[PDB]
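data-v2.pdb (PDB, C-alpha atoms) appears below.
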ATOM      1  CA  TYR A   5      -3.839   4.127   2.358
ATOM      2  CA  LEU A   6      -0.461   4.339   0.579
ATOM      3  CA  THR A   7      -1.594   3.608  -2.977
ATOM      4  CA  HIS A   8       0.337   5.569  -5.643
ATOM      5  CA  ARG A   9       3.146   6.272  -3.158
ATOM      6  CA  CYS A  10       6.749   5.054  -3.396
ATOM      7  CA  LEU A  11       8.538   3.033  -0.731
ATOM      8  CA  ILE A  12      12.266   3.740  -0.547
ATOM      9  CA  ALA A  13      14.765   1.322   0.974
ATOM     10  CA  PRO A  14      16.637   3.259   3.696
ATOM     11  CA  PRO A  15      20.395   3.434   3.099
ATOM     12  CA  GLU A  16      20.973   1.192   6.122
ATOM     13  CA  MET A  17      18.632  -1.607   4.983
ATOM     14  CA  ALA A  18      20.472  -4.938   5.176
ATOM     15  CA  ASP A  19      17.919  -6.851   3.089
ATOM     16  CA  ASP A  20      19.900  -8.444   0.253
ATOM     17  CA  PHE A  21      16.981  -8.260  -2.175
ATOM     18  CA  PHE A  22      15.233  -4.996  -1.338
ATOM     19  CA  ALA A  23      18.307  -2.885  -0.609
ATOM     20  CA  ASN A  24      18.554   0.209  -2.831
ATOM     21  CA  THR A  25      15.032  -0.200  -4.217
ATOM     22  CA  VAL A  26      12.246   2.265  -4.960
ATOM     23  CA  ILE A  27       8.862   0.538  -4.976
ATOM     24  CA  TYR A  28       5.719   1.927  -6.573
ATOM     25  CA  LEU A  29       2.704   0.832  -4.525
ATOM     26  CA  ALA A  30       0.023  -0.355  -6.935
ATOM     27  CA  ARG A  31      -2.422  -1.474  -4.264
ATOM     28  CA  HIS A  32      -2.806  -1.135  -0.504
ATOM     29  CA  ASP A  33      -5.954  -2.057   1.404
ATOM     30  CA  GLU A  34      -7.133  -3.976   4.468
ATOM     31  CA  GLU A  35      -5.917  -7.280   2.998
ATOM     32  CA  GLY A  36      -2.382  -6.116   2.283
ATOM     33  CA  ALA A  37      -0.302  -4.301  -0.316
ATOM     34  CA  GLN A  38       1.351  -5.003  -3.661
ATOM     35  CA  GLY A  39       4.119  -3.044  -5.321
ATOM     36  CA  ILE A  40       6.474  -2.943  -8.285
ATOM     37  CA  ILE A  41      10.171  -2.100  -7.929
ATOM     38  CA  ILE A  42      10.811   0.663 -10.472
ATOM     39  CA  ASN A  43      14.591   1.044 -10.467
ATOM     40  CA  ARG A  44      15.981  -2.427 -11.149
ATOM     41  CA  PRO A  45      16.348  -3.479 -14.805
ATOM     42  CA  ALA A  46      16.414  -7.260 -15.307
ATOM     43  CA  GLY A  47      18.995  -7.158 -18.092
ATOM     44  CA  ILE A  48      16.431  -8.153 -20.703
ATOM     45  CA  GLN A  49      15.453  -6.169 -23.803
ATOM     46  CA  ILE A  50      11.786  -5.714 -24.672
ATOM     47  CA  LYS A  51      12.237  -7.537 -27.994
ATOM     48  CA  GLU A  52      13.516 -10.640 -26.200
ATOM     49  CA  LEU A  53      10.565 -10.634 -23.813
ATOM     50  CA  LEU A  54       7.980 -10.086 -26.551
ATOM     51  CA  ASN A  55       9.503 -12.819 -28.716
ATOM     52  CA  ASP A  56       9.492 -15.201 -25.746
ATOM     53  CA  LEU A  57       5.793 -14.434 -25.307
ATOM     54  CA  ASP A  58       5.243 -15.401 -28.950
ATOM     55  CA  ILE A  59       4.799 -11.828 -30.168
ATOM     56  CA  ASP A  60       6.578 -10.594 -33.286
ATOM     57  CA  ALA A  61       8.394  -7.319 -32.682
ATOM     58  CA  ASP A  62      11.105  -6.998 -35.324
ATOM     59  CA  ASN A  63      10.744  -3.216 -35.218
ATOM     60  CA  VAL A  64      10.119  -2.574 -31.520
ATOM     61  CA  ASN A  65      12.143   0.279 -30.037
ATOM     62  CA  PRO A  66      14.783  -0.734 -27.476
ATOM     63  CA  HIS A  67      13.605  -0.607 -23.863
ATOM     64  CA  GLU A  68      14.644  -2.255 -20.612
ATOM     65  CA  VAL A  69      12.505  -4.829 -18.828
ATOM     66  CA  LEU A  70      12.388  -4.480 -15.036
ATOM     67  CA  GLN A  71      12.562  -6.926 -12.164
ATOM     68  CA  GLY A  72       9.441  -5.889 -10.266
ATOM     69  CA  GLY A  73       9.836  -8.026  -7.181
ATOM     70  CA  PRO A  74      10.799 -11.491  -5.876
ATOM     71  CA  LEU A  75       7.337 -13.017  -6.298
ATOM     72  CA  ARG A  76       5.927 -14.595  -9.459
ATOM     73  CA  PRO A  77       8.764 -13.745 -11.890
ATOM     74  CA  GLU A  78       6.495 -14.997 -14.686
ATOM     75  CA  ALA A  79       3.953 -12.217 -14.179
ATOM     76  CA  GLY A  80       4.313  -9.111 -16.297
ATOM     77  CA  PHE A  81       2.991  -5.657 -15.434
ATOM     78  CA  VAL A  82       2.990  -2.600 -17.659
ATOM     79  CA  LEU A  83       3.015   0.826 -16.015
ATOM     80  CA  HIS A  84       1.868   3.629 -18.307
ATOM     81  CA  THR A  85      -0.062   6.892 -18.475
ATOM     82  CA  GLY A  86      -3.597   7.833 -19.425
ATOM     83  CA  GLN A  87      -6.806   5.950 -18.680
ATOM     84  CA  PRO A  88      -7.110   2.180 -18.078
ATOM     85  CA  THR A  89      -8.378   1.602 -21.628
ATOM     86  CA  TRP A  90      -6.863  -1.848 -22.114
ATOM     87  CA  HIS A  91      -8.566  -5.210 -21.483
ATOM     88  CA  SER A  92      -7.132  -5.743 -17.998
ATOM     89  CA  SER A  93      -6.081  -2.358 -16.677
ATOM     90  CA  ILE A  94      -6.415  -0.443 -13.417
ATOM     91  CA  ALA A  95      -5.851   3.226 -12.619
ATOM     92  CA  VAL A  96      -3.483   3.398  -9.641
ATOM     93  CA  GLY A  97      -3.055   7.128  -9.202
ATOM     94  CA  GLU A  98      -2.595  10.463 -10.972
ATOM     95  CA  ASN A  99      -2.658   9.469 -14.661
ATOM     96  CA  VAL A 100      -0.805   6.197 -13.999
ATOM     97  CA  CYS A 101      -2.164   2.728 -14.773
ATOM     98  CA  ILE A 102      -1.012  -0.869 -14.546
ATOM     99  CA  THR A 103      -2.047  -3.223 -17.326
ATOM    100  CA  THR A 104      -1.665  -7.005 -17.412
ATOM    101  CA  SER A 105      -3.518  -7.834 -20.633
ATOM    102  CA  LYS A 106      -1.644  -8.758 -23.808
ATOM    103  CA  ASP A 107      -3.247  -6.103 -25.998
ATOM    104  CA  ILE A 108      -0.836  -3.463 -24.679
ATOM    105  CA  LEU A 109       2.081  -5.754 -25.598
ATOM    106  CA  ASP A 110       1.016  -5.673 -29.240
ATOM    107  CA  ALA A 111       0.871  -1.880 -29.031
ATOM    108  CA  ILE A 112       4.380  -1.782 -27.577
ATOM    109  CA  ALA A 113       5.573  -4.173 -30.303
ATOM    110  CA  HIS A 114       4.384  -1.748 -32.991
ATOM    111  CA  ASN A 115       5.668   1.347 -31.149
ATOM    112  CA  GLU A 116       2.268   2.977 -30.826
ATOM    113  CA  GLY A 117      -0.446   4.161 -28.469
ATOM    114  CA  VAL A 118       1.448   3.420 -25.279
ATOM    115  CA  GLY A 119       3.666   6.418 -24.567
ATOM    116  CA  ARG A 120       6.198   6.277 -21.725
ATOM    117  CA  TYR A 121       6.060   2.898 -20.024
ATOM    118  CA  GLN A 122       7.731   0.358 -17.794
ATOM    119  CA  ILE A 123       7.255  -3.386 -18.059
ATOM    120  CA  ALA A 124       8.161  -5.395 -14.979
ATOM    121  CA  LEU A 125       8.365  -9.117 -14.267
ATOM    122  CA  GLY A 126       7.490 -10.159 -10.730
ATOM    123  CA  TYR A 127       6.207  -8.054  -7.852
ATOM    124  CA  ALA A 128       6.408  -7.403  -4.113
ATOM    125  CA  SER A 129       3.598  -8.287  -1.715
ATOM    126  CA  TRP A 130       2.662  -7.691   1.916
ATOM    127  CA  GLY A 131       0.079  -9.565   3.944
ATOM    128  CA  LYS A 132      -2.566  -7.970   6.148
ATOM    129  CA  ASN A 133      -0.996  -5.232   8.299
ATOM    130  CA  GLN A 134       2.481  -6.357   7.192
ATOM    131  CA  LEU A 135       3.493  -3.168   5.370
ATOM    132  CA  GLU A 136       2.029  -1.037   8.156
ATOM    133  CA  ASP A 137       4.112  -2.902  10.742
ATOM    134  CA  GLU A 138       7.296  -2.578   8.681
ATOM    135  CA  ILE A 139       6.777   1.156   8.234
ATOM    136  CA  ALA A 140       6.014   1.444  11.952
ATOM    137  CA  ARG A 141       9.452   0.100  12.863
ATOM    138  CA  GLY A 142      11.213   2.344  10.350
ATOM    139  CA  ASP A 143      11.909  -0.273   7.680
ATOM    140  CA  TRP A 144      10.904   2.037   4.823
ATOM    141  CA  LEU A 145      11.077   5.664   3.754
ATOM    142  CA  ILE A 146       8.211   7.076   1.682
ATOM    143  CA  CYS A 147       7.690   9.757  -0.951
ATOM    144  CA  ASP A 148       4.998  10.697  -3.445
ATOM    145  CA  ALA A 149       5.318   9.181  -6.888
ATOM    146  CA  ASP A 150       5.793  11.426  -9.916
ATOM    147  CA  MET A 151       6.570  11.164 -13.628
ATOM    148  CA  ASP A 152      10.306  11.527 -13.095
ATOM    149  CA  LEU A 153      10.574   8.648 -10.638
ATOM    150  CA  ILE A 154       8.388   6.256 -12.624
ATOM    151  CA  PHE A 155       9.228   7.179 -16.213
ATOM    152  CA  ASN A 156      11.679   9.986 -16.979
ATOM    153  CA  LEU A 157      14.725   9.472 -14.774
ATOM    154  CA  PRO A 158      17.452   6.938 -15.577
ATOM    155  CA  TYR A 159      16.889   3.807 -13.491
ATOM    156  CA  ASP A 160      20.245   4.150 -11.755
ATOM    157  CA  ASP A 161      19.396   7.666 -10.547
ATOM    158  CA  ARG A 162      15.967   6.871  -9.099
ATOM    159  CA  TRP A 163      16.947   5.839  -5.577
ATOM    160  CA  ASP A 164      19.005   9.012  -5.131
ATOM    161  CA  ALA A 165      16.189  11.130  -6.550
ATOM    162  CA  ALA A 166      13.548   9.550  -4.306
ATOM    163  CA  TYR A 167      15.784   9.810  -1.229
ATOM    164  CA  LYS A 168      16.335  13.498  -2.020
ATOM    165  CA  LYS A 169      12.662  14.184  -2.771
ATOM    166  CA  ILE A 170      11.848  13.524   0.888
ATOM    167  CA  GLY A 171      13.504  16.875   1.557
ATOM    168  CA  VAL A 172      11.210  18.965  -0.638
ATOM    169  CA  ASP A 173       8.554  19.404   2.058
ATOM    170  CA  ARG A 174      10.498  18.599   5.231
ATOM    171  CA  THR A 175      13.912  19.149   6.776
ATOM    172  CA  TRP A 176      16.003  16.320   5.373
ATOM    173  CA  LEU A 177      19.794  16.133   5.063
ATOM    174  CA  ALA A 178      20.480  13.426   2.473
ATOM    175  CA  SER A 179      23.848  12.297   3.862
TER     176      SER A 179
END
Structure re-expressed in structure tokens:
Amino acid sequence: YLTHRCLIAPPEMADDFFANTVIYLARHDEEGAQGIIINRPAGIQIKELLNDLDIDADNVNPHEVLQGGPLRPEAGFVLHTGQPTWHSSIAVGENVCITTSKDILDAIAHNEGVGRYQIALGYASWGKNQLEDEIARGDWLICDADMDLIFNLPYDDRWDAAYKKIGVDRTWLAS
């Protein structure tokens, strides 16, 4: 399936919500697919989010909180590296995990044991065969995920980078 891959909104996509997005696919099986947009900050600082979740974080390092999708804006997801060592954690792909337990939030609050990360509120979901049908009719572009797209690159440069990455192993004129 397409787990660990990134969906890229084509430049011509008219969808008001998904236009200009890069979506990391966390899960994709026979029942559907679920993803997290990785290039759209919500305009919320990590300290604000932690405090709202009743977690002290007076010394937490500044970090953006992402809008992961249009569904369940209450649900938080932390993307990070290493093994799924936390209480509720799953390995998605090459050294990348998604954790929904609160233990990792305490780690983030104290600036330790987390490393590079993204925390997103909300997610994107597709029903059975839905994503496959959309891809079939050319609704999405696709590229492999990597550390730059998920963690290193500035959020506002991720769509361009993903769009360009398509051309690393195939003839692709990004223009």
Contacts of region 162-177 of chain A at 10 Å (all atoms listed in the file; same-chain gap of 4+ positions) as a PDB file with C-alpha atoms, keeping the file's coordinate frame:
ATOM      1  CA  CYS A  10       6.749   5.054  -3.396  1.00  0.00           C
ATOM      2  CA  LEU A  11       8.538   3.033  -0.731  1.00  0.00           C
ATOM      3  CA  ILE A  12      12.266   3.740  -0.547  1.00  0.00           C
ATOM      4  CA  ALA A  13      14.765   1.322   0.974  1.00  0.00           C
ATOM      5  CA  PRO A  14      16.637   3.259   3.696  1.00  0.00           C
ATOM      6  CA  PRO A  15      20.395   3.434   3.099  1.00  0.00           C
ATOM      7  CA  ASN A  24      18.554   0.209  -2.831  1.00  0.00           C
ATOM      8  CA  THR A  25      15.032  -0.200  -4.217  1.00  0.00           C
ATOM      9  CA  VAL A  26      12.246   2.265  -4.960  1.00  0.00           C
ATOM     10  CA  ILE A  27       8.862   0.538  -4.976  1.00  0.00           C
ATOM     11  CA  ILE A  42      10.811   0.663 -10.472  1.00  0.00           C
ATOM     12  CA  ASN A  43      14.591   1.044 -10.467  1.00  0.00           C
ATOM     13  CA  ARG A  44      15.981  -2.427 -11.149  1.00  0.00           C
ATOM     14  CA  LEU A 145      11.077   5.664   3.754  1.00  0.00           C
ATOM     15  CA  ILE A 146       8.211   7.076   1.682  1.00  0.00           C
ATOM     16  CA  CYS A 147       7.690   9.757  -0.951  1.00  0.00           C
ATOM     17  CA  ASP A 148       4.998  10.697  -3.445  1.00  0.00           C
ATOM     18  CA  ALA A 149       5.318   9.181  -6.888  1.00  0.00           C
ATOM     19  CA  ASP A 150       5.793  11.426  -9.916  1.00  0.00           C
ATOM     20  CA  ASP A 152      10.306  11.527 -13.095  1.00  0.00           C
ATOM     21  CA  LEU A 153      10.574   8.648 -10.638  1.00  0.00           C
ATOM     22  CA  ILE A 154       8.388   6.256 -12.624  1.00  0.00           C
ATOM     23  CA  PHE A 155       9.228   7.179 -16.213  1.00  0.00           C
ATOM     24  CA  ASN A 156      11.679   9.986 -16.979  1.00  0.00           C
ATOM     25  CA  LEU A 157      14.725   9.472 -14.774  1.00  0.00           C
ATOM     26  CA  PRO A 158      17.452   6.938 -15.577  1.00  0.00           C
TER      27      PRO A 158
END
| task | On this file, the PyMOL selection byres ((chain A and resi 66) around 9) gives some set of residues; write that set as number ranges by chain. | result | A: 49-51, 64-65, 67-68
Just-selected residues, C-alpha atoms written as a short mmCIF file (atom, residue, chain, number, x, y, z; two decimals), in the coordinates of the input:
data_model
loop_
_atom_site.label_atom_id
_atom_site.label_comp_id
_atom_site.auth_asym_id
_atom_site.auth_seq_id
_atom_site.Cartn_x
_atom_site.Cartn_y
_atom_site.Cartn_z
CA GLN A 49 15.45 -6.17 -23.80
CA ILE A 50 11.79 -5.71 -24.67
CA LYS A 51 12.24 -7.54 -27.99
CA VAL A 64 10.12 -2.57 -31.52
CA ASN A 65 12.14 0.28 -30.04
CA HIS A 67 13.60 -0.61 -23.86
CA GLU A 68 14.64 -2.26 -20.61
#
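CA of residue 178 (chain A) lies 24.6 Å from CA of residue 137 (chain A).
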| query | In Å to one decimal, how far is CA of residue 122 (chain A) from CA of residue 5 (chain A)? | reply |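 CA of residue 122 (chain A) lies at a distance of 23.5 Å from CA of residue 5 (chain A).
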| query | Residues at most 12 Å from residue 40 (chain A), counting all atoms listed in the file, excluding those fewer than 5 positions away in the same chain, as a ChimeraX atom specification? | reply | /A:7-12,22,25-31,45,70-77,79-83,96,102,122-130,154
